[PDB]
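Form deposited in one PDB entry, single chain, as structure tokens, below.
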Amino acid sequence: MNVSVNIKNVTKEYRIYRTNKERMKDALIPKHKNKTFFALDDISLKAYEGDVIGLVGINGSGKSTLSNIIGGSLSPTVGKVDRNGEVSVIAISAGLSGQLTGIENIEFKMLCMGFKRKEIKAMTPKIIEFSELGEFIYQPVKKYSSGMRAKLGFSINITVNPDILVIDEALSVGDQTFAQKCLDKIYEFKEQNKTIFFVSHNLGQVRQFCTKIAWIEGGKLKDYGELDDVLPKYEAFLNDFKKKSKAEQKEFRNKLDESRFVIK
């Protein structure tokens, strides 16, 4: 039952400054204080092995911040987070250079990831075959369409084998043919008990892909558990929000904004 990722009291503050001159003013005098925006607050999570967790919520909830903190790219202001293995993150926009070709991009990205050359030499064909680009693997990435760039990024990221994988809204641009192949790859990954996080706004894909659901509201983990319990509550909340009047939705958003903001 080993805990693949453990989360203790993670909290991320961001300081609001209307202008850079206010930043200068608070830099000159340490006594100055400004309003602080709380991206996260008191998040506690426990991810086990062989678990697929889908994060659900409205825009501005804080799921991308949580995925970045799990990946280590962001440092929590208060709290801690530990991972048993090494974590790999697939994002909506893969970082590729339009000037370099496909093979040059494979080499550049796999070097930056932390692979020595001997592995790259043996791993290039498999990535080339998985990409399905063909002749365009020789031309620069700026000539590619968005779907092909997404395919190349996914192919590079999946071939290296992560102990923990965090996919964040990366399958929106791919077609159904690529989606089926990605689903099969997810089955193969599930065979190895690795922990996979899936962030998507397509509820059909969340139903088909995941097994557990975490629900975050206003930078606070609202409900974590089995999908069959959490997902109906999220759907009911969505329908209720759709039933409200415009003024009621505005006042709900204002209440959330007041809760998140504070002067300290």
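Throughout, rigid core stands for the largest set of C-alpha atoms superposing within 1.5 Å between the two forms. Residues that one form lacks are left out of the comparison. Just count from 1 along the sequence shown to find any residue number.
Another form, the form deposited in another entry, is not on view; read the next lines as being about it.
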Across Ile120, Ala179, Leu100, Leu74, the single C-alpha shifting 2 angstroms or more between the shown form and the other one with the core held fixed is at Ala179
Tell me whether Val87 is among the residues that move between the shown form and the other one (Cα shift of 2 angstroms or more, core superposed). no
Rigid core fitted, then: does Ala236 show a CA shift of 2 angstroms or greater between the shown form and the other one? no
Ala170 C-alpha moves between the shown form and the other one by 2 Å or more, core aligned: yes
Out of closer and farther, which fits the Cα atoms of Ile92 and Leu55 in the other form compared with this form, where the change is 3 Å or more? farther
So the Cα-Cα distance between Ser172 and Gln249 shifts by 3 Å or more in the other form; is it shorter or longer than what we see here? farther
Moving stretches between the shown form and the other one on a rigid-core fit: which runs of at least three residues all have C-alpha shifts of 2 Å or more? 25-32, 91-95, 170-179
